[PDB]
Amino acid sequence: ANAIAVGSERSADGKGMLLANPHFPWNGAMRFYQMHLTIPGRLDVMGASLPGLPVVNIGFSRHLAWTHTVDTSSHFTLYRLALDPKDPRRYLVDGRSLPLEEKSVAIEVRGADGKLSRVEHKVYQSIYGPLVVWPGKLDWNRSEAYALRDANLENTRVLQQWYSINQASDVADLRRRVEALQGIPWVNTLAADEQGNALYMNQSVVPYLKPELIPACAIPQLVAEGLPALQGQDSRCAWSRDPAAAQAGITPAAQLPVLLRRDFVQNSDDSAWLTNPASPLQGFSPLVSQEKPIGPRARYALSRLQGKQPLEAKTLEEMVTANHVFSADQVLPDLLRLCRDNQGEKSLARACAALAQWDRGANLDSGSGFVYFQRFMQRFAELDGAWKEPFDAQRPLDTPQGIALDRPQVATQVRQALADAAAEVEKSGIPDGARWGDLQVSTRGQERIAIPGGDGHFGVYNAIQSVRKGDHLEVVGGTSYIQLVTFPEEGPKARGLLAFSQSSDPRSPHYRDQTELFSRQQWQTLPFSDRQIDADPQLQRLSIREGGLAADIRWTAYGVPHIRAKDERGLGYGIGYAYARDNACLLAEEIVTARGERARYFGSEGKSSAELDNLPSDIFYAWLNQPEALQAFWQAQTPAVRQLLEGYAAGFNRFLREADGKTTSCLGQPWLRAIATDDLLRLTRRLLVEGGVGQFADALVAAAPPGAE
Ligand SMILES: CCCCCCCCCCCCCC(=O)N[C@@H](CCC(=O)N[C@H](Cc1ccc(O)cc1)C1=NCC[C@@H](C(=O)NCC(N)=O)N1)C(=O)O
């Protein structure tokens, strides 16, 4: 993700300004969806959110605009256990042997001959949490095993937190509602408001260890691999329980980085350190924020944001639509000198020509040099001492830079990496003179739409991640919801797109209408006031009831629903109905995943949208969403949240009762069925653990002791 909040001192109009550009999948449980929610007098906020959630995750209201980026804090800890030398099913805490908890789950699998079979798996849990095995790496042998405590497994405030965010009026109000509830799982928060404040917050759920305990409790080699690993045989290494924290064992708000400014704040998924170099954030816990080099996306943003010139909204827009490969600025000059110097080797002929013609961009009409440059960087990045100016912690904006072509070995190393990378390119039969837009596409039914942008690792702000599928590169994630908000006196003027369009269903009119506009990088008005909404020639209005539940739904262009209701139940009613019309098949599938029933419907020869095999994914979510977990989670929800969720499941089921396949391709499938509120709790918890134990779902299923059946 990228995010830039400009305050009154740097904005051309003297008011707040926010650029929101998260990078998320183009399919599955994390596919963003535009919506505008309104409960008159209490709630009116527009933006985008994740499937199944009756709140807005990134958006804006009349005086405020906020967004999220991934942070560098830890949201879980790996605990290395010391096993009882006489029983690998027992572990030691301060030298005392304790039994491992044993919990059985059962899964149903549909065989090839349609028959059903039951699979039972045992999950072992320590006082820290479930045991995980990364075979070969985090083994369960006779002296040690590994457990994983996910801090968000105990976060029941997650939906209450965003619903509170949706009611925030400005930056001060926003800062209060997040600090008080501490419900954000694993993202930063940046925001601007009409009065010209710019806010950055590393306010999330972070395990708490007092600073003096960290050098002793941390495992150095594993922390060196970026893993938050603690000693699990020492009671002094349990998470510290500060009574000022909203959840037992997490870091209280006052210790997490916050920066309020009137010039600007930015973040492109690095630590809080360089949110604004004029005001560095240092001296925090290493579980919270370290002073490490920033990625090229942040360097690009900071280079363009330097100085004191007033910024226009189109300047923020063009920082994305430019598709500038910022990493070439540090490598391409030296690389082209090498290229001309070696105008003899006929091998390097094609690559050097493409690199010389390359416009240093990732646009649709950018030359094939971008492909050559990409493969070169992958092999240049695995070479120590190749940077002429290596990283200097005192110049982290200008460093590293340049190729040290002066030394004899690196010169022939860089020439070797270029020669290797060039061979890989022509080994794929890519035509001569092919442009980037001819290669990177997004499949829409039977056709392909060219998608500009490139992978963020190369400093492309408009980060686009794709994989090779057949004769092209299929876009899999990246720039999703785009939001650029300013605050003229008339009202919030917002402008953006949903790159993959509102509906994942090919039958829908909103399956590729915004993807075509993204291909041409034509951002559109996001209508918020009733004047813009009601003056749309494409407006469609409809009221629905049952019971009770009622909602007033307006649809503007590209299928963006605007839901008006009297209470949370009716608000959820409209949300569930509108989202089902666009994405009923997506949610039906993801609910089957979060229920642990993929092998029941699709058999064991399949994968989930998370590229997890059907059987291990089922075992994990059966453990994660067992009924005791759902009951305990539900009983911890505020009444408003429970009414939102109840309304959603009703609005979803209301559409299924009327569905005739017009915008629903999975009509007739046995897994397309009415949903309950607990199904929505499963999707929520599935998203919660995505910053922690969810990333270890296969490792949890793999954990078995020596012996055992
Ligand atoms: C109920 C719950 C509801 C939740 C509601 C959530 C609503 C908010 C949505 C969040 C949107 C952010 C997603 C997003 O925007 N991710 C990005 C993540 C991008 C990313 O983080 N990319 C870097 C590499 C990088 C960094 C800086 C650059 O400038 C360029 C590249 C990285 N990726 C892999 C992990 C990590 C790493 O490995 N480094 C540690 C190490 N030791 O090396 N860093 C991506 O999905 O694309």
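Counting begins at 1 with the first residue of the sequence. Just so you know, these numbers use all the heavy atoms, side chains as well, and skip hydrogens, waters and symmetry mates.
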Measure the shortest side-chain to side-chain distance between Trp186 and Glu690 over non-hydrogen atoms and say whether it is less than 4.5 angstrom.
yes

If the test is side chain to side chain donor-acceptor pair (under 3.5 Å), which one of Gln247, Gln637, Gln182 qualifies with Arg157?
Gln247

Rounded to the nearest 0.5 Å, how far does CZ of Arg31 lie from CG of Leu586?
7.0 Å

Inter-residue atom distance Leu274.CG - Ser279.OG, 0.5 Å rounding:
11.0 Å

Nearest 0.5 Å, what's the OG-CD1 distance between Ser240 and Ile250?
12.5 Å

Do you know which two heavy atoms are closest between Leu630 and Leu681, and how far apart they sit?
O-CD1, 3.9 Å

Please check if the side chain of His75 supplies one atom and the backbone of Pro185 the other of a donor-acceptor pair under 3.5 Å.
yes

With a 3.5 Å distance limit and no angle check, can you tell me whether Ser169 reaches the backbone of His63 through a side-chain donor-acceptor pair?
no

Taking atom types as modelled, is there a side-chain donor on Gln195 or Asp170 under 3.5 Å from an acceptor on the other?
yes

Could you point out which residue of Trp134, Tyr124, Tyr146 forms a ring-ring contact (aromatic ring centres under 6.0 Å, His included) with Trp140?
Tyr124

Should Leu302 and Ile294 count as side-chain neighbours, where that means a heavy-atom distance under 4.5 Å?
yes

Would you mind reporting whether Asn2 and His23 have side-chain heavy atoms less than 4.5 Å apart?
yes

Is there a donor-acceptor contact under 3.5 Å from the side chain of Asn625 to the main chain of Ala622?
no

Report the C-alpha distance between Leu174 and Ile165 in whole Å, list the side-chain angles of each, state the deciding distance to 0.1 Å, and finish with yes or no for side-chain contact (heavy atoms from CB on, under 4.5 Å).
CA-CA 6 Å; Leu174 178 69; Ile165 286 163; 3.9 Å; yes

Any side-chain heavy-atom pair of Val45 and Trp66 under 4.5 Å:
yes

Test log, rule side-chain contact (heavy atoms from CB on, under 4.5 Å), inputs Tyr163 and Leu43:
CA-CA 9 Å; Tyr163 191 61; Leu43 181 79; 3.9 Å; yes

Between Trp26 and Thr479, is there a donor-acceptor pair closer than 3.5 Å when you use the side chain of the first and the backbone of the second?
yes

Using modelled atom types and a 3.5 Å cut-off, is there a donor and acceptor pairing between side-chain atoms of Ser164 and backbone atoms of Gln160?
no

Would you give the length of the straight line joining atom CG of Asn202 to atom CG of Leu256, rounded to the nearest 0.5 angstrom?
6.0 Å

Taking the side chain from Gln203 and the backbone from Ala253, do they hold a donor-acceptor pair closer than 3.5 Å?
yes

Worked verdict on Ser49 versus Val55 for side-chain contact (heavy atoms from CB on, under 4.5 Å):
CA-CA 7 Å; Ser49 34; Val55 293; 5.6 Å; no

Looking at side-chain heavy atoms only, is the closest gap between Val132 and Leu78 below 4.5 Å?
yes

Any salt bridge linking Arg261 with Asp263? Criterion: basic side-chain nitrogen under 4.0 Å from a carboxylate oxygen.
yes

Are any of the side-chain nitrogens in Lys103 or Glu101 under 4.0 Å away from the carboxylate oxygens of its partner?
no

Are any non-hydrogen side-chain atoms of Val123 and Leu700 less than 4.5 angstrom apart?
yes

Using a cut-off of 6.0 Å, state whether more than 12 heavy atoms not belonging to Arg142 lie near its atom CZ.
yes

Would you say CD of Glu102 has more than 12 non-hydrogen atoms from neighbouring residues, nucleotides or ligands within 6.0 angstrom?
yes

Would you please say whether a donor-acceptor pair under 3.5 Å links the side chains of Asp71 and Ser204?
yes

Kindly say whether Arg90 contributes a backbone atom to a donor-acceptor pair with the side chain of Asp84 at under 3.5 angstrom?
no

Between the main-chain N or O of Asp270 and the side-chain N or O of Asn267, is there a donor-acceptor pair closer than 3.5 Å?
yes

Can you tell me how far OG1 of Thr77 sits from CG of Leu148, rounded to the nearest 0.5 angstrom?
7.0 Å

Are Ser126 and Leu81 packed together at the side-chain level, in the sense that at least one heavy-atom pair is separated by less than 4.5 angstrom?
yes

Looking at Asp94 and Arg96, is any side-chain nitrogen of the basic one under 4.0 Å from a carboxylate oxygen of the acidic one?
no

For residues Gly456 and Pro296, report the shortest heavy-atom separation together with the two atoms involved.
O-CG, 3.8 Å

If you compare all heavy atoms of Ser268 against all heavy atoms of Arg297, which two are closest, and at what distance to 0.1 Å?
O-NH1, 3.3 Å

Minimum side-chain heavy-atom gap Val592-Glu589 below 4.5 Å:
no

Can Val265 and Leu199 be said to form a side-chain contact (heavy atoms from CB on, under 4.5 Å), step by step?
CA-CA 7 Å; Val265 294; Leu199 181 66; 5.8 Å; no

In terms of side-chain heavy atoms, does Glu590 have a donor or acceptor partner in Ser609 at a distance below 3.5 Å?
yes

More than 12 heavy atoms of other groups within 6.0 Å of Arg642 CZ:
yes

Short N-O contact, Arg595 and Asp679, less than 4.0 angstrom:
yes

Can you say whether the rings of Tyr91 and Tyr128 are parallel (under 30°), tilted (30 to 60°) or perpendicular (over 60°)?
tilted

Parallel, tilted or perpendicular: which fits the ring planes of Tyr648 and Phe652, with parallel below 30° and perpendicular above 60°?
parallel

Using a 3.5 Å distance criterion without hydrogens, assess whether the side chain of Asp269 forms a donor-acceptor pair with backbone atoms of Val70.
yes

Return all side-chain donor-acceptor pairs below 3.5 angstrom for residues 206-221, not counting sequence neighbours, or 'none' if the list is empty.
from: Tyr208; atom 1: OH; to: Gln255; atom 2: NE2; distance (Å): 3.1

Give me the one residue out of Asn188, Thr275, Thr69 that meets side chain to side chain donor-acceptor pair (under 3.5 Å) with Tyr200.
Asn188

Drop me the distance from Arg686's CZ to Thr593's OG1, to the nearest 0.5 angstrom.
5.0 Å

Nearest heavy-atom pair of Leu615 and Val119: which atoms, and what distance?
CD1-CG2, 4.2 Å

When you measure from the side chain of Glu225 to the backbone N and O of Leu222, does any donor-acceptor pair fall under 3.5 Å?
no

State whether the number of non-hydrogen atoms from other residues, nucleotides or ligands found under 6.0 Å of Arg42 atom CZ is greater than 12.
yes

Identify the two heavy atoms, one from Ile58 and one from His68, that lie closest to each other, and give their separation to 0.1 Å.
CG1-CD2, 3.7 Å

If I compare all heavy atoms of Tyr481 with all of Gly47, which pair ends up nearest, and what's the gap?
OH-CA, 3.6 Å

